[PDB]
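J.: sequence isn't available, so here's the structure alone:
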């Protein structure tokens with residue numbers, strides 16, 4: 001009936017970036033550049049040994065599980081969007097692929113799993129904004145939107 005990995009439900013999205021594939025990887029390879037567009041706390045390749053991990057939301061993922069790593073090319077790993085319950089390893093699969101093209105760079109995103117419609121509708125809307133925000137950075141840094149971050153000469157408390 002539905003033993004492991006119930007149903008299928010697969011979501012795929014595409015986007016056109018005017019920047020090369022190397023620039024896109026650099027953004028996901030740099031923990032500080034991410035804070036410029038989303039991410040309140042990120043840390044990658046910390047102590048010797050190499051370890052990619054970023055807390056996109058909350059702080060739940062039980063244990064990491066890298067499947068395949070290919071810099072400036074493609075990435076394969078799972079962790080869930082943490083948009084509901086917890087989404088443990090195997091419950092969903094996230095993959096990002098970079099393809100070089102004459103007119104900008106094409107980025108393909110596939111997210112498998114989605115055991116509930118709320119996660120499907122939430123992930124579809126979540127990935128659209130995430131991908132849309134990334135395009136703004138790829139086509140130009142310093143995003144117009146200021147969901148939380150937006151430094152612009154702010155006053156401060158005077159000494160007393």
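T.: Received the coordinates, thanks. Numbers count the residues shown, from 1 in each chain.
J.: show me the helices in the chain, by range?
T.: Counting by DSSP state H, one finds helices in the chain at the ranges 21-29, 31-36, 117-139.
J.: what about the shortest one, distance to the chain center?
T.: Pointing back at helix 31-36 there. 12 Å (C-alpha atoms, centre = their mean, to the nearest Å).
J.: what does the longest one give?
T.: Its chain's C-alpha centre and that of helix 117-139 lie 9 Å apart, by C-alpha atoms, centre = their mean.
J.: separation between residue 129 and residue 70?
T.: To residue 70, residue 129 is 26 Å away according to C-beta to C-beta, to the nearest Å. From N, CA and C alone the C-beta is placed, and that goes for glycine too.
J.: and the nearest residue in space to residue 74 that is not next to it in sequence, how many neighbours?
T.: Excluding the flanking residues, the one nearest residue 74 by C-beta to C-beta, 6 or more residues apart in numbering is residue 97, at 4.2 Å. Here the count is done by other C-beta atoms under 10 Å, and residue 97 has 15 residues near it.
J.: can you tell me how far residue 97 sits from residue 158?
T.: 53 Å.
J.: do the same with residue 29
T.: Residue 29 is 41 Å from residue 158, by C-beta to C-beta.
J.: more neighbours: which of the two?
T.: For residue 29 versus residue 158, neighbours defined as other C-beta under 10 Å are more numerous around residue 29 (15 against 5).
J.: what's the nearest residue to residue 108 once chain neighbours are set aside in contact with, if anything?
T.: The shortest distance from residue 108 to any non-neighbouring residue, by C-beta to C-beta, 6+ apart, is to residue 97 (4.6 Å). Applying C-beta atoms under 8 Å, 6 or more residues apart in numbering to residue 97 gives the contacts 73-74, 107-108.
J.: quick check: residue 118 touching residue 84?
T.: Yes - the pair residue 118 / residue 84 is scored as a contact, 5.9 Å apart, by C-beta atoms under 8 Å.
J.: coming back round to it: out of the contacts of residue 97, who's the most crowded?
T.: Top of these by neighbour count (other C-beta under 10 Å): residue 107, with 20 neighbours.
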